[PDB]
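See structure below.
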């Protein structure tokens, strides 16, 4: 089997991407944030504290003839951005782009943190990291991909995120029309539960390539590119007037600037992030100070190849017995 679904930016800045997901019988379609940096599929629901729901579409398990309470199971998750959610668990039928999993754990939120409430466009998350990170207790549950894997034509999914435009998540096949040149594959460590890999270096604009190993995670659920402070300083030094602002919470730059590109290495291959992808717009409405899309990972504890990086590539998440990651230009 295979599946193919369009993913759409939630706003004009590509702050996140939502993908429609069918849950239950009859189908209830919710728009979920596909997140390769976590491993829970959780949704706003009829069980979510009423004051914490503000415009989201909810899953109502009592209206699904295939929903079953997973007795005694609870979940609770906290993300790197400080947000969180928790609740109980149902199993139900879940379909993405024509690919169906029966008996998928659907984690129903009883509580969500304010950032979730405040984002009316995201109805929940669909985790695509390794199932070892799943938070369900006392019986850990599998991700949608892990459940689907054996049925797929090939044990892979691909992320093809757009810049200020829709893109595609495919399951079970590689669309050879969706990228240019060849796909370069690179090793993955699953030791921390992530799609963790090592970039071979970077360049800023038309500058020379610096060969240096940068360990990080491919994370569709993180907006920006978080890299070591040395790398990030070298980038922003090429933008007149750019500075790190403790009050704003990272590097800002004059909105009048033209940003240089940023290149990252994948083995001997190179992925170029155009400068415009690094612009996240005014820090506040009407401001001439703009927020940068490349930020320091210092104090996160891990480097994160988030959407800023991934949307410059066609990315293969290869879930073979020994997982790997592939990157192509597009």
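For residue 111, indicate whether it is in a strand (DSSP E or B) and either closer than 19 Å to residue 39 by Cα or touching a helix residue (DSSP H, G or I) at 6+ places or on another chain (Cβ under 6 Å) (or both).
In short, yes.
Of the conditions (1) surrounded by fewer than 23 Cβ atoms within 10 Å (Cβ to Cβ); (2) out of contact with any helix residue (DSSP H, G or I) (no Cβ under 8 Å at 6 or more places or on another chain); (3) part of a loop (DSSP other than H, G, I, E, B), residue 140 fails just one. Which one is it?
Tallying (1) surrounded by fewer than 23 Cβ atoms within 10 Å (Cβ to Cβ); (2) out of contact with any helix residue (DSSP H, G or I) (no Cβ under 8 Å at 6 or more places or on another chain); (3) part of a loop (DSSP other than H, G, I, E, B), residue 140 fails exactly one: (2).
Only one residue in 301, 286, 275, 281 is free of Cβ contacts under 8 Å to residues at least 12 places away in the same chain, closer than 20 Å to residue 233 by Cα and surrounded by fewer than 23 Cβ atoms within 10 Å (Cβ to Cβ), so which one is that?
301
Please go through segment 224-253 and pick out each residue that is under 24 Å from residue 195 (Cα atoms) and in contact with a strand residue (DSSP E or B) (Cβ under 8 Å, 6 or more places away or on another chain).
Listed by number, the residues that qualify are 224, 225, 226, 227, 228, 229, 231, 232.
Which of (1) in contact with a strand residue (DSSP E or B) (Cβ under 7 Å, 6 or more places away or on another chain); (2) surrounded by fewer than 22 Cβ atoms within 10 Å (Cβ to Cβ); (3) more than 17 Å from residue 58 (Cα to Cα) is the odd one out, the single condition residue 121 does not satisfy?
(3)
If a residue must be buried (at least 17 other Cβ atoms within 10 Å of the Cβ) and closer than 19 Å to residue 316 by Cβ, how many such residues does segment 3-38 contain?
9
Kindly check whether there is at least one residue in segment 235-255 that is part of a strand (DSSP E or B), free of Cβ contacts under 8 Å to residues at least 40 places away in the same chain and crowded, with 19+ Cβ neighbours inside 10 Å.
Yes, segment 235-255 contains a residue that is part of a strand (DSSP E or B), free of Cβ contacts under 8 Å to residues at least 40 places away in the same chain and crowded, with 19+ Cβ neighbours inside 10 Å.
State all residues of segment 47-59 that are within 20 Å of residue 77 (Cα to Cα) and either in a loop (DSSP other than H, G, I, E, B) or touching a strand residue (DSSP E or B) at 6+ places or on another chain (Cβ under 7 Å) (or both); if no residue qualifies, say none.
47, 48, 49, 52, 53, 56, 58, 59
Would you mind stating whether residue 221 is outside the structural domain of residue 17 (by CATH) and surrounded by 16 or more Cβ atoms within 10 Å (Cβ to Cβ)?
yes
Please indicate, with yes or no, whether at least one residue in segment 264-286 is under 24 Å from residue 11 (Cβ atoms), touching a helix residue (DSSP H, G or I) at 6+ places or on another chain (Cβ under 8 Å) and in a loop (DSSP other than H, G, I, E, B).
Taking every residue of segment 264-286 in turn, none turns out to be under 24 Å from residue 11 (Cβ atoms), touching a helix residue (DSSP H, G or I) at 6+ places or on another chain (Cβ under 8 Å) and in a loop (DSSP other than H, G, I, E, B).
So, in segment 192-242, how many residues would count as being at positive phi and within 18 Å of the chain's Cα centre (by Cα)?
1
Given 62, 86, 76, 95, which one is out of contact with any strand residue (DSSP E or B) (no Cβ under 9 Å at 6 or more places or on another chain) and not in a loop (DSSP other than H, G, I, E, B)?
Of 62, 86, 76, 95, the one residue that is out of contact with any strand residue (DSSP E or B) (no Cβ under 9 Å at 6 or more places or on another chain) and not in a loop (DSSP other than H, G, I, E, B) is 62.
Determine whether residue 132 is assigned to a helix (DSSP H, G or I), surrounded by fewer than 18 Cβ atoms within 10 Å (Cβ to Cβ), touching a residue at least 60 places away in the same chain (Cβ under 8 Å) and within 19 Å of the chain's Cα centre (by Cα).
Spelling it out, residue 132 is indeed assigned to a helix (DSSP H, G or I), surrounded by fewer than 18 Cβ atoms within 10 Å (Cβ to Cβ), touching a residue at least 60 places away in the same chain (Cβ under 8 Å) and within 19 Å of the chain's Cα centre (by Cα).
Which pairs do you get when a residue that is on the phi > 0 side of the Ramachandran plot and assigned by CATH to the domain that holds residue 55, found in segment 12-36, comes within reach of a residue that is buried (at least 21 other Cβ atoms within 10 Å of the Cβ) and in a strand (DSSP E or B), reach meaning Cβ atoms under 8 angstrom, with the pair 6+ apart or on two chains?
Final answer for the pair search is 24/59; 24/92.
When only residues in segment 30-46 that are under 12 Å from residue 79 (Cβ atoms) and not in a loop (DSSP other than H, G, I, E, B) count, which is farthest from the chain's Cα centre (by Cα)?
42
Of the residues that make up segment 305-320, is at least one free of Cβ contacts under 8 Å to residues at least 40 places away in the same chain and either more than 24 Å from residue 171 (Cβ to Cβ) or touching a strand residue (DSSP E or B) at 6+ places or on another chain (Cβ under 9 Å) (or both)?
No, segment 305-320 contains no residue that is free of Cβ contacts under 8 Å to residues at least 40 places away in the same chain and either more than 24 Å from residue 171 (Cβ to Cβ) or touching a strand residue (DSSP E or B) at 6+ places or on another chain (Cβ under 9 Å) (or both).
If you take the residues in segment 71-99 that are over 20 Å from the mean Cα position of the chain (by Cα) and free of Cβ contacts under 8 Å to residues at least 40 places away in the same chain, which one is surrounded by the fewest Cβ atoms within 10 Å (Cβ to Cβ)?
71
What is reported rests on the model, the rules as stated and the sources as named; no laboratory instrument gave them. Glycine also receives a Cβ, built like all others from the backbone with ideal geometry; neighbour counts cover every protein chain displayed.
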